[PDB]
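Structure at a glance
The lines below spell out each chain.
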Amino acid sequence: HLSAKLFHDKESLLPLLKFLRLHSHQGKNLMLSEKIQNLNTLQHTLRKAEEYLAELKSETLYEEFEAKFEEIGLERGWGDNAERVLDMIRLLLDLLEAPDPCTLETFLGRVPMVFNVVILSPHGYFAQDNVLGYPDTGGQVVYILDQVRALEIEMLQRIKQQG
Amino acid sequence: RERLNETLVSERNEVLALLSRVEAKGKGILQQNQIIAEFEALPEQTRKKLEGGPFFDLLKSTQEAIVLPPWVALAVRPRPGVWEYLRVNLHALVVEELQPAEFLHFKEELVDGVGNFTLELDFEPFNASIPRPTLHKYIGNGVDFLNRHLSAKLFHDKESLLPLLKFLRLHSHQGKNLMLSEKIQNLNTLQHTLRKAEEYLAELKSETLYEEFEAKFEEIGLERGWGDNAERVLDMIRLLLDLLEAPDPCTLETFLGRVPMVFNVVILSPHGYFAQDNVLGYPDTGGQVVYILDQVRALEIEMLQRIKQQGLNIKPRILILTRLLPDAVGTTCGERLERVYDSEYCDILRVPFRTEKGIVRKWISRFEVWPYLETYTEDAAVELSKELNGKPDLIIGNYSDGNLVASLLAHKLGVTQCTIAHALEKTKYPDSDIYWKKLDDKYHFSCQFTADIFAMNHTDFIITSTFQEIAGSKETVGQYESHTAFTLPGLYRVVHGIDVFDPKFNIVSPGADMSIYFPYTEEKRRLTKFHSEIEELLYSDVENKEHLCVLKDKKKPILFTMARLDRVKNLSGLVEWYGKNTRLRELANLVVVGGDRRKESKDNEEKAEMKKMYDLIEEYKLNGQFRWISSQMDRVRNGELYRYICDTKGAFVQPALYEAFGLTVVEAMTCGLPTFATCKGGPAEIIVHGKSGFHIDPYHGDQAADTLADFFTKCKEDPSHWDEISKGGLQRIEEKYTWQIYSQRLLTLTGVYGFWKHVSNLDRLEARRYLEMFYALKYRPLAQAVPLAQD
Amino acid sequence: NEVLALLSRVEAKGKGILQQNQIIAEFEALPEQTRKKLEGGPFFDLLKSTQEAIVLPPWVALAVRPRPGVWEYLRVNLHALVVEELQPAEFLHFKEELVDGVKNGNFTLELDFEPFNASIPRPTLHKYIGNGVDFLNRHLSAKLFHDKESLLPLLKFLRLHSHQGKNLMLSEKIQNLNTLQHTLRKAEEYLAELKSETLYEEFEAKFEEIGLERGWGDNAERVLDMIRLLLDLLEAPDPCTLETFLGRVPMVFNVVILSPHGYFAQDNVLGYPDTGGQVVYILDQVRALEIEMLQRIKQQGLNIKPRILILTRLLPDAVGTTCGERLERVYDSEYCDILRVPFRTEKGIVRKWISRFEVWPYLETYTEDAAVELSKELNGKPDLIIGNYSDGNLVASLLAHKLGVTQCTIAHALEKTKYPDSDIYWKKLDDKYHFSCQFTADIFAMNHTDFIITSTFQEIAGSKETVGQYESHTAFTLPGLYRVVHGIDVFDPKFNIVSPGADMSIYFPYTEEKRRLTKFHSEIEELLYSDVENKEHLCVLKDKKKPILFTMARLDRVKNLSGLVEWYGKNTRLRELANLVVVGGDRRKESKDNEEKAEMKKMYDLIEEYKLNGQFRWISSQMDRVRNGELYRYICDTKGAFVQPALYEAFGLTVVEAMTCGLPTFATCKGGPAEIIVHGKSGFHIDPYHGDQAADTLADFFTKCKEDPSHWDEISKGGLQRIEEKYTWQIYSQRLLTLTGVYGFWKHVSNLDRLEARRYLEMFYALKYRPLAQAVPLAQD
Ligand SMILES: O=c1ccn([C@@H]2O[C@H](COP(=O)(O)OP(=O)(O)O)[C@@H](O)[C@H]2O)c(=O)[nH]1
Ligand SMILES: O=c1ccn([C@@H]2O[C@H](COP(=O)(O)OP(=O)(O)O)[C@@H](O)[C@H]2O)c(=O)[nH]1
Ligand SMILES: O=c1ccn([C@@H]2O[C@H](COP(=O)(O)OP(=O)(O)O)[C@@H](O)[C@H]2O)c(=O)[nH]1
Ligand SMILES: OC[C@H]1O[C@](O)(CO)[C@@H](O)[C@@H]1O
Ligand SMILES: OC[C@H]1O[C@](O)(CO)[C@@H](O)[C@@H]1O
Ligand SMILES: OC[C@H]1O[C@](O)(CO)[C@@H](O)[C@@H]1O
Ligand SMILES: [K+]
Ligand SMILES: [K+]
Ligand SMILES: [K+]
C-alpha cells in the first residue's frame, strides 16, 4: 500500500522527508538536517552524496567523509562505512523514484530508530528466580526475559552498523 | 540553469577564460566536438591558462562548440539526459542561455542563413502517461519502472484490474482457448474460481499432470496455459490471486512473463545479403545478420521450454523476413524459404522488392531501399500470412528499414512491437543532420532520420546492446540521446525526438555463439583441420584477390582486424597508423580482413576504401609487414582464425570512427585475444580499460599506434602481461555478454509490454495519429523522391 | 418482414453504382414500390433517417442519423440480407471506391481529431449544442471547487494580467491563495463601510499596499461586487458566478479581425464578387463591439483606448473604391480602422483582384506582412483575434499561434455544404475551385481555434431531418488526397451560437413615416419604374401598381437567381400577380468572375426565352446600405414580398434585412434561413429544388393577400416579432466579450492537453496545406 501510495505522489513523499528531518535522539540530530527543506534539495543532496561516495574505498569510516556530509545536509545514521552509507542512500533515492515493497521495508527497517524500549507486564510475580509456577507467573514472564535479551543484541548491532 | 553560472566566472578568470573563448572564434563559422573544443586553446594554451579551477566545468562537459557570427553557442551536458544550451560572443561579453527550439534556430543559420512556419516535431506532449524516471539507474531499465507503475495502478482499483481479466479472457491462439474461458465475466467470479482451484490443487500430488484435473478446471472456467503439472499450476494460480489482492513489481513481471504469449515471431531485416554462408563481409552484411541468427536460435530454445512448461503442445514458428535477391550468385539469397542452421522452427523468409514494372532484381544499398519498403510491407504481410499458423505474436524490427517496416506491419496486424537499431547513422556520420542537404543524393539521410524518428516512437519497446547506446557516458552523449534535439535545416526541426528516460528502453546484451568462439587454450576443442587453410591465408607468398602483400617474418605476433569495409570502419586509417609507426611495424604484423576483392565492388564507400588501401600499401611500402585478406564468410573457420592470432600472442584492434556495438570485440575477447577497441560508441562500454582490454581514439591514431607498440613491448618483456588481459576479457564476457539470459529477458518484456499496451491504449491514441501523419505526409514523399534502381 | 427488404434493396440496386440521398433513397424506393409497403414497422425508420446510401454491386452502405450529432454506419448485401455494423472509416472506403475505383492508399492519411479534443467530457444533449460556454462553465466550476491545485491557475492568471506594462487585478505581492484570501476579506470590510459612489482614486492608495491593482471597478460599489464574486469562486464555485467574474475582468482592448478576400470597404462594393454579407456583418460587428468595449473599460475603472483593426487586402487598382488605401476609419466609430496589406511574392506586390477560391498561395506571406503592419498600428498586442471565412480563419490561426492570442473563428459559410458532393467529387472541381486547399484550411482552423461562433443552430447540427454545416464535416473523404474520420464534433463545447442582426438605424418597419427617407424616392422611382434600359437596369416594368417580388444578392451559381427568374418566367399566374425585381451583378463594368459571368448569360437568355420585358426589372448592384434600407421599405409599400431562392444559404442577412423592414419573406429551406423563418408565422420556406412549386406558393400568398389584405399584415408582423426576439446586435457584443474571457482563461487551464492537438495541427498545416496552397497557380499582372 505504502509502496503504491508513494509512487510519484509528491504530497505523499513529504511525510518521509519530515520523518528523516525531524528524526533525532537525545539531542543528537540524525539522517537529514534542517538544511533540507524539500524533495528537490533532498534529491539533489542525495545524488551529490552518491557521486562522492561512489569513489571512496568501501570500508572508509563515516568520520572521514563526515565533514562534507554535514555541509550538504546529511547527519549521522546512514551507516558506519562508505559501503553501508552508499546502499542506504541508494535505497532512499529509489523510494523517491520507483517505490517497491522490498525497498520500502528494507529502508524503513534500516533507519536507526529503536533505542529506548518500554515493556509492560504488571501482573504476576515477575522476576528471574523463585517465581515460575506461582499463580499468574508463567510463560509470559519466560517469554519476556528471552525477548529483551534477544532484542538487545539486535539493537546494539543495528546501532553499531548505522554508525 | 547552474552551468550558466560557472561561466559567469569571467569576473574572476576573465583575461584567461575569454582567451579559450577566443581561440575558438579563431576557428570560425563551424562546429567542433570536445576533441576540438577541449584540445583547442585549452591544451594549445599557455600556462596563462591556469583555468583548472571552476571553468573546466563547462569545457570538460560541453558536447559541441558551434562557431558563428560574433556569437558562439555551446552545448553543455551536466549529466546524461540533461541539457543546457548556451551562447556568449567570442571577445565580447553578455552570454545568455538558450531554449532548445532556439538553440536549433542558431544551428540552422549556420547553413542556410535564415521559412517561418517550417515544421517542428515534438514528442514530449504525446507522452505524458506514465511518469518518467529522473534517476540514472532507470535508463535502459524501463521495464522495471513500468512494472512498478503498473503494480501501483493495479493496487486495489476495481476498474483498474478489469484490463488484466479481459486480457486473459480474450487471450487465445489459433482459435484455441488459453488461461481463462468465457465463463468468467467479472473479478468476483475470477476471485472465486481461482480460489476453488487452489483448494482442489493444493490437495493433489506435486507431479500430477494437468490432464487429470483438466476435467474439473474446464468445468470451473479454466482453460490450458497455467502449467504442465500441478506444482506449476498452483504457483501460477497463486501469482494471479496475488495480483488481484496486493500487486507488486516482482509478481506482475513474473506472472506476465509466464503467461503463454509468444508462439509466432516475425523479424524484419530487409537490406543486405542475409544468409548463413557466403555473405558476411559483403556491403551492408555484417553483425546485424550474425546477431539475428544467434538470436533466433536462442529464442527458439527458450520458447520451446516455456511452451512445454505451461502445458501446451503448440509448435513455434520464427520467420526472418528479408529481401529476395534473385541475382546474387553463390548465395541462397534467391530462395524464398530457408531453414536456419541448427533450429527446428526458425526460417528465413525472402520476399522480393517490386514496382508496377515487376520485381526488382539487383542488390540495393541500405541507403537507397526507401522507395521500396512500403510495398515490401504489403507483400511480406501476405507471405508471412501464408507461412504462419495464426498471426504474429511478436514483431521485432531491425535497423532503419527493418524498423520502418516492422512499424507498418505491426500497425497493420495489431501486434506487439520491438525495435533494435543495431546502429544509428546520425552518430556515425557527424553533422550529417545539420549538413544533411549536401549529403542527400548520396546517403539520402533525410529518409533514414525520418524512418528512425518514426519507428523510435512507434515501437512498443526498444532493445539496446549497451547503456552507451542510450545515454552514453558522463563525458559524451549517447546514440539515442543525440536524437532528442537536432535539426535538418530546410526540412524540419526535432525539438524532442526521444527521451533518454523513456520507460520503453531496455538494455539486453547479446553474446557470441560459444560453440564458434571459445578460449584459444582449450586444445581438445581447437579445429586443427583448419590449420593448413589458415597457414595459407596468413603466410603464403601468393598475392591475389583473396589476399594482398605478404608476411616476410612468420613468427611475429599478429595485429589483427576484421570488418565490413566502409569509411566509418576506418580500416584504411589503421593501415596508416601502422604504416607510420616504425617501432610497431618492428614488433608485429598487420593483418586486415575486409572487403571482397573476388568480385568488382558495387558499394561507394567500399570502392573508395579499396582505393586508399591500394595506395597506402605503396606509400608506406607495407609489403612484408602487412597482409590484406578478403572477406571471410565462414564463422566456424573465423573462430579458429581468432584463436590462431592468440597462438602468435597478438592483439585485435578495432579502429572505427564510431562503432554502434562491435560483435568482433565480443568475439575476440571470447577467444581470449587481447583487444584494443575504439572509444567511440559501444566498445567504450564493452571494455574496461586496462582490465578487460584497452581503448584507443580513432581521432588520434598515431597515439593508438604507439599504445599498441607499448603493449607488445611489455608482453615481450613480461609474457604474463598478455595472459593478464586475455583473462580480463574472458571474464568481462562471461559476466556481461552471453545469449542465455537474452531470450528469457526478451520474452518477459514482450509479456509485460503486451499487457501494458492494453491498459495504456487510450492515451497513446493521439501519438498514434501524430505518427500516422508523419509517415504519410513526411516519409512517403521523401521516399518517393528517392531514385529507383535500374535493371 | 424477411421477404420485403430484399425488394427495396433491389429497387435501390437498380439505380446502379451511385449514392442516393433521402430525397431519393426512400423517396423513390419506399412509395414507388407496390402496396407491399406495409412498412409502418421498425425497418422503415432506419431508412427514413438515412442521410445517404452508397450503392456498389454486391453491397449498399448506409449512413444513419437517428438524432442530430449521432451517426451509425451500416452495410447490407442487396441479397442474403445480413446487415453489418460499419466504422466511419469503413463507410468512407465505399465513397473512395465509388470514385477512384479503389479505396485510398492503405497508408494514406486519415485525419482523426477525436483523441485530441477529448480533454473535457462531451455533452450528449441537444440543448448544449451551440451552448458550449454553458457546459465549459459547469466543468471549470467543478474542477475549481475546493481544489487547491485547481485554484492556482486563477491566481496566476489574475496575477500576470497586464496591459501595456500597466498592472491589473492582483500585483506581484500576492503569491498564494492564503494571502489572496486574507487580502480580499481585508478589502471587503474596507469597501463595505464606504459610500457606494466613492471613486477608485480614494481607496487606490490602500489597495496598492495590500496588492490590489486596477480593474476591479470604477467606483466602490463595483469593486465590492467583484471582490465578493472572487471570494465565492475561492469558496464555493458555481457556473453563473464563474462566468460573470470571468466576463467582468477587463480583457479585450486591442481586437484583430481577419477578412482578406473580396473588395472590403464601406461604399461602392457590395454585390461585387466575393463582397457581401461577410463585409456587412463585420462592419456592424466592430461598431457594436467598440461600444461595449468602451462601456466595459470605463466600468472597470480604466482609461485605455481600444483599437479594432479589420485586416484585408490592399487592391491598388480597384477604382471608385477605397480598397487602395492602407488605413480607413469605420464610419460611426472612434476606434475601428480597416487595415489593408497587399498580396506579394518574390516578384513584388500583386495588384489585381483575386477570387476567394484562388488566394491560397498568398495567405502565408500575407500573415507575415499583416503581423508586421498591425504591430505598427496597435499599442500592445492583440487581446482577441477573429477569423472570418476560410482564408480569414486560416490566417487568423497562424497569427494567433505566432502572437499567442485568444482565437475565435466565424465560418460565414462552408463551401462543402454549398457544393454538394464537392468532397467526394473534389478532383474534377479542383482546377476551378481549389477545394482541396479550402477544405484543408476549414478543417485546420475549425480545430485550431479557441472557440467558434455560429449565427444559427442549424449551422452546427442542422435540423431533425437534415445534417448541419459543421456536422457534415465530422466524417467525409477526398478520394486520392486524404480521409477525415472525425473532423469535428457537433457537441464540441467550443461551439457558440451568437446570432447577428441588421443595423437598426438602417432597417426598420416601413410603417414609421417620420423615419422614411423621402429624399431617396426620386432615385428609387427611376430605379424600379423608368423606361430606360441600360447597364444600371435591364428591361422595364409595364404596370407600376402591381406588388413587387423582390430579391437582391451577389450574383453566382449558388445564389440561384437565374433559377428564380425561370420559376417566375414559367408561371403566368405569378406574373400577373406581381413584378419580379432582381438586384444582382454589376453590369457597369466587365465581369471578371467566373460564376458571375456565366450567371449573367443565363440571365440574359432567360429574358429572351420567357419574354420577360414588362414583368421584369434587372437592377445592378446597389452598393449603398442606406438607400437599400429604403428600397426594402418601398417594396413593402407595394405590398410585395422578398424571396431568397438560394440552392444553399449559410445564414442569409438579406432575409433578416427584409423581415426587419416588415417585408414578408419566402426563403430557401436549405441552410440557415430554415431556422430564421417559421413557416406560416415569420414568413415562408420554399424549396429551391422544386422551383415551380416555389412559384405556385408565391402566387398563392399574393392571391390570398388580394382577397384578404390583412393576411399580408399578419406575416409582416410575424417577421418583425421574430427578429425582435432572435436577431439583434445588442447582446452580441456582451456575449462575444464574455466568451473571450471564459475561453481565454480555459486556455491557461487546459493548455497541457492542447499541446498535443497543437503539434498535430502544426504538421497538418506544414505538410498538407502548404504543399496544396503552393500548387495553386499565381495571378499575373
Ligand atoms: O513450575 C513451573 C511451571 C512452569 N514453568 C515454565 O513456565 C513456562 C510456562 O509457559 P507456557 O506457555 O507453557 O504456559 P503459560 O504459563 O504461559 O500459560 C514454561 O517456560 C515452563 O517451563 C516452570 O518453569 N516451572
Ligand atoms: O569479413 C568478415 C567481416 C565480418 N565478419 C563478421 O561480421 C560481424 C561484424 O559485426 P560488428 O558488430 O563487429 O560490425 P557491423 O557489421 O555490425 O557493423 C562479426 O561477427 C564478424 O565476425 C566476418 O565474419 N567476416
Ligand atoms: O447588390 C447587393 C448585394 C448584396 N448586398 C448586401 O449584401 C449582404 C448579403 O448578405 P447575405 O448574408 O444575405 O448573403 P452573402 O453575400 O453573405 O452570401 C446584405 O447585407 C445585402 O443587403 C447589397 O447591399 N447589394
Ligand atoms: O493465561 C496465561 C497466563 O500465564 C502467563 O503466561 C503468565 O505466566 C500470562 O499470559 C497469563 O497470566
Ligand atoms: O551500420 C552497420 C551495418 O552493419 C550491420 O550490422 C549489418 O551487418 C547493420 O546494422 C548495418 O547494415
Ligand atoms: O461564401 C459566401 C461569400 O459571401 C460572403 O459572405 C461575403 O459577402 C463571404 O463569406 C463569401 O465570400
Ligand atoms: K533528522
Ligand atoms: K482465452
Ligand atoms: K496581475
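Residues numbered from 1 in each chain as written, not as in the entry; some residues may be left out. Chains lettered and ligands numbered in written order. Part of a larger assembly, values for the part shown. Heavy atoms only, no water. Residues with missing side-chain atoms left out of burial classes, pairs and counts.

Method-wise, the PDB entry is recorded as coming from X-ray crystallography, at a reported resolution of 2.8500 Å.

1. Some words on the coordination of the potassium ion (ligand 7)
Metal coordination angles have textbook ideals: 109.5 degrees for a tetrahedral set of four donors and 90 or 180 degrees for an octahedral set of six. Residues and elements named next belong to chain A. Taken together, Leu20 (O), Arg21 (O), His23 (O), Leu30 (O) and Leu32 (O) make up the full set of protein donors to the potassium ion (ligand 7), lying 2.4 to 2.7 Å away. Counting along the primary sequence, the residues that act as donors to the potassium ion (ligand 7) give the motif L-R-x1-H-x6-L-x1-L. With respect to class, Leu20 is no different from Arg21; both count as buried. (Donors = N, O, S within 2.8 Å, 3.2 Å for Na, K, Ca; no water. Buried < 20%, exposed > 50% of the residue type's maximum accessible area, 1.4 Å probe, protein only.)

2. Looking at the coordination of the potassium ion (ligand 9)
Residue and element names in this part refer to chain C. Of the protein atoms, only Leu158 (O), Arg159 (O), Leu168 (O) and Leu170 (O) coordinate the potassium ion (ligand 9), at distances of 2.2 to 2.8 Å. In terms of primary sequence, the donors binding the potassium ion (ligand 9) are separated according to L-R-x8-L-x1-L. In this pair, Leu158 sits in helix α7 (residues 148-160) while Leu170 sits in the loop between β8 (166-167) and α8 (177-193), placing the two residues 12 residues apart along the sequence. Accessibility expressed as a relative area gives 0% for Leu170, which makes it buried. (Helix = DSSP H or I, 4+ residues; strand = E, 2+ residues; numbered from the N terminus.)

3. A few points about the sheet that holds strand β26 (residues 675-678) of chain B
Residues and elements named next belong to chain B. As summarised here, the arrangement of the 7 strands in space is β21-β24-β23-β22-β25-β26-β27, forming an open sheet in which the pairing is mixed. The sheet terminates laterally at β21 (547-548) and β27 (694-696), the two strands that pair on one side only. Examined bridge by bridge, β26 and β27 share 3 bridges and lie parallel to one another. Residue pairing across strands places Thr678 opposite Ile696, the latter belonging to β27. (Pairing = 2+ DSSP bridges.)

4. Some words on the side chain of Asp401 of chain B
All names here are of chain B. Its location among the elements puts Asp401 in helix α14 (residues 399-413). One buried charged residue, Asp401, remains without a salt bridge, the closest side chain of opposite sign being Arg366 at 7.6 Å. Sequence-distant contacts of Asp401, that is, excluding residues within four places in its chain, are made with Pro270, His271, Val369, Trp370 and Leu373. (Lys, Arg positive; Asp, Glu negative; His and termini not counted. Salt bridge = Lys/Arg side-chain N within 4 Å of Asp/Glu carboxyl O. Contact = heavy atoms within 4.5 Å.)

5. A short note on the sheet that holds strand β16 (residues 416-420) of chain B
One key point about sheets: their strands pair by backbone hydrogen bonds, in either a parallel or an antiparallel sense. Residue and element names in this part refer to chain B. Strand order in the open sheet formed by 8 strands is β11-β12-β10-β9-β15-β16-β17-β20, and the pairing between neighbours is mixed. Here the strands that pair on one side only, and so sit at the sheet edges, are β11 (337-339) and β20 (505-507). Going from strand to strand, the sheet's axes swing by 25° on average, the running direction of each strand aside. Bridge analysis of strand β9 (residues 264-268) against strand β10 (residues 317-323) gives 5 bridges, and the strand direction is parallel. By the bridge assignment for β10, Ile267 is matched with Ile320. Relative to β10, helix α12 (residues 287-309) is tilted by about 165°, and along the sheet it contacts β9, β10, β12 (346-351), β15 (394-398), β16 and β17 (461-464). Its contacts with the sheet place helix α28 (residues 740-759) against β15, β16, β17 and β20, and it is angled at close to 160° to β17. (Axes fitted to C-alpha atoms, helices over the stretch in contact; angles between N-to-C directions.)

6. Focus on a nonpolar patch on the surface
Among the surface-exposed residues, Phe19, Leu108, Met113, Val114, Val117, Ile119, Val148 and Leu151 of chain A lie close enough to one another that they form a single nonpolar patch of about 590 Å² accessible area. Residue position: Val117 of chain A is located in the loop between α6 (101-110) and α7 (139-161). (Patch = residues over 30% accessible without salt bridge, like charges linked within 9 Å, V, L, I, M, F, W, Y side chains within 5 Å. Areas by Shrake-Rupley, 256 points an atom, 1.4 Å probe, with all protein chains shown as cover.)

7. Let's talk about the interface of chain B and chain A
On the side of chain A, 14 residues touch chain B, which itself brings 17 residues to the contact. Counting the surface chain B buries against chain A, the share from its top three residues, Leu135, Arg148 and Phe155 of chain B, is 37%. Counting the contacts that link chain B with chain A gives 2 salt bridges. Put simply, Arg148 of chain B and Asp100 of chain A hold a salt bridge, and the shortest N to O gap is 3.6 Å. (Buried area = accessible area lost by both parts, 1.4 Å probe.)

8. Here we look at the site of ligand 4
All names here are of chain A. Close to ligand 4 lie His123, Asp136, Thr137, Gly138, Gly139 and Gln140, which account for all nearby residues. Here an oxygen atom of ligand 4 sits 3.1 Å away from a polar atom, N or O, in the main chain of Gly139. Note that an oxygen atom of ligand 4 is positioned 2.9 Å from one of the side-chain N or O atoms of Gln140. Expressed as a share of its isolated accessible area of 310 Å², the protein-covered part of ligand 4 is 51%. (Near = heavy atom within 4 Å. Polar contact = N/O pair within 3.5 Å; in protein donor to acceptor, adjacent residues only side chain to side chain.)

9. A short note on the environment of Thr355 of chain B
All names here are of chain B. Within the secondary structure layout, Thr355 lies in strand β13 (residues 353-355). For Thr355, a relative accessible area of 18% gives the class buried. If we ignore the near neighbours within four places in the chain, the residues touching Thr355 are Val360, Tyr372 and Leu788.

10. Quick word on the site of ligand 3
Residue and element names in this part refer to chain C. Around ligand 3 sit 18 residues, and of these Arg554, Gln622, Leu653, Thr654 and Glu657 come closest. Measuring from a nitrogen atom of ligand 3, one finds a backbone N or O atom of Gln622 at 2.9 Å. Between an oxygen atom of ligand 3 and a main-chain N or O atom of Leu653, the distance comes to 2.9 Å. The fraction of the free accessible surface of ligand 3 (540 Å²) that becomes covered by protein chains is 91%. Within the residue set of the shell around ligand 3, elements represented by two or more residues are α12 (277-299) and α24 (653-661). Of the residues in the shell around ligand 3, the class split is 5 nonpolar, 9 polar and 4 charged. (Nonpolar A, V, L, I, M, F, W, Y, C, P; charged D, E, K, R; others polar.)

11. Observations regarding unusual backbone geometry
Unusually for a residue other than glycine, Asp431 of chain B sits at a positive phi of about 60°. Of note, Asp431 of chain B is situated in the loop between α15 (425-428) and α16 (436-443). Given a relative accessible area of 24%, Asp431 of chain B falls into the partly exposed group. At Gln164 of chain C, a residue that is not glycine, the phi angle is positive and equals roughly 55°. Mapped onto the fold, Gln164 of chain C is located in the loop between β7 (162-163) and β8. Looking at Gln164 of chain C, the relative accessible area reads 44%, which means it is partly exposed.

12. Examining the nonpolar core
One finds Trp78 of chain A together with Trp226, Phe255, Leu559, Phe560 and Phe626 of chain B to be the most contacted residues of the largest nonpolar core, which totals 198 residues. Counting 152 residues, the second-largest nonpolar core is a separate cluster that includes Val369, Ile470 and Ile498 of chain B together with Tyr389 of chain C. (Core = buried A, V, L, I, M, F, W, Y, C linked by side-chain atoms within 4.5 Å.)

13. Focus on the domain arrangement of chain B
All names here are of chain B. For chain B, the domain assignment lists domain 1 (1-131), domain 2 (132-261), domain 3 (262-511 + 739-791) and domain 4 (512-738). Just the C-alpha atoms count here: the centres of domain 1 and domain 3 sit 35 Å apart. The interface of domain 1 with domain 3 comprises 28 residues on the first partner and 38 residues on the second. With both sides pooled, the region where domain 1 packs onto domain 3 buries about 3200 Å², and carbon together with sulfur makes up 58% of that total. In terms of surface lost to domain 3, no three residues of domain 1 exceed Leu121, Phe123 and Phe126, which account for 24% of the buried area on that side. (Domains from an automatic or database assignment.)

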